[PDB]
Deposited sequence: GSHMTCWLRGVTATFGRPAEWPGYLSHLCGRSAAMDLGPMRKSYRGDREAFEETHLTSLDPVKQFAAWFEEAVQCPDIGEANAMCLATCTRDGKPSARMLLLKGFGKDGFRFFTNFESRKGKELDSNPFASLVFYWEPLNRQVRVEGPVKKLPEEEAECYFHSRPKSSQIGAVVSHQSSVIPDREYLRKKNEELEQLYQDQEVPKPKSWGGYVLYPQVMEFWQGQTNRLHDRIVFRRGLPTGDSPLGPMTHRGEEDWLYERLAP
């Protein structure tokens, strides 16, 4: 029940994420363990947030796919900094990740896009994500028309559709407790008596709940 510095799986917070993520995936009361909230903002400090799915992770960071012309994509292109929240209610656990964002190479975005179901590919060609549209019939009609156009052909990836990778600068591991005296172990890239060395350029510290 205690979450303690001496029982970390790893002092590389990406590997500690992998350990917790695996526990979430193994939990039958968790539906999408890779659902996350992505927080973005304008350069002038106006924040926004939405659910997204994590599509891959490792040393270079946390990957996701979206339309670059969406509201989030205009913010990320103008202000390439973001934060992620993973919340696993049945495990009483939260993971926060903060870092800069860059676009994935076009070739990786093409490969990912053509791995999706064909109906989802056509949906991305239909949708100018976050633009105002008249009604839901507009989507249904254009979808049906593109189904006809792409019968027995490859669906081209929209130029505006692709991926981002968030390179972690801060990773917080949160475990809920009674009385709201939660356990918080927070890794940051970088020594005071409360600051500890992790792997590579990582440091970690406990934060008050």
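Annotation: deposited residues 1-48, 239-245 are not represented by C-alpha coordinates in the model.
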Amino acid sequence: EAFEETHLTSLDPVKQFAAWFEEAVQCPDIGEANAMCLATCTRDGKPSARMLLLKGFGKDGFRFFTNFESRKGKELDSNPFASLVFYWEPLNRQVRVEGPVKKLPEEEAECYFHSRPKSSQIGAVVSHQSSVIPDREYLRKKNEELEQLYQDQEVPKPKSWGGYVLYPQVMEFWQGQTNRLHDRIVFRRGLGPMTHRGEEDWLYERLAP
From here on, numbers count along this sequence of modelled residues.
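The mean Cα B-factor in the deposited entry runs higher for 150-158 than for the other of 35-43 and 150-158. The question of which stretch, 3-11 or 200-208, has the higher mean Cα B factor is settled in favour of 3-11.
Residue-level inspection of the entry shows that, of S48, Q175, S70, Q26, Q26 has the top Cα B-factor. Ranked against the other modelled residues of its chain, the C-alpha B-factor of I30 as given in the entry falls in the highest third. Among the modelled residues of its chain, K59 has a C-alpha B-factor that falls in the highest third, as given in the PDB entry. The entry lists a Cα temperature factor for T66 that places it in the lowest third of the chain's modelled residues. In the deposited entry, the Cα temperature factor of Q121 sits in the bottom third of values across the chain's modelled residues. Per the deposited record, the Cα B-factor of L191 falls in the highest third when ranked against the other modelled residues of its chain.
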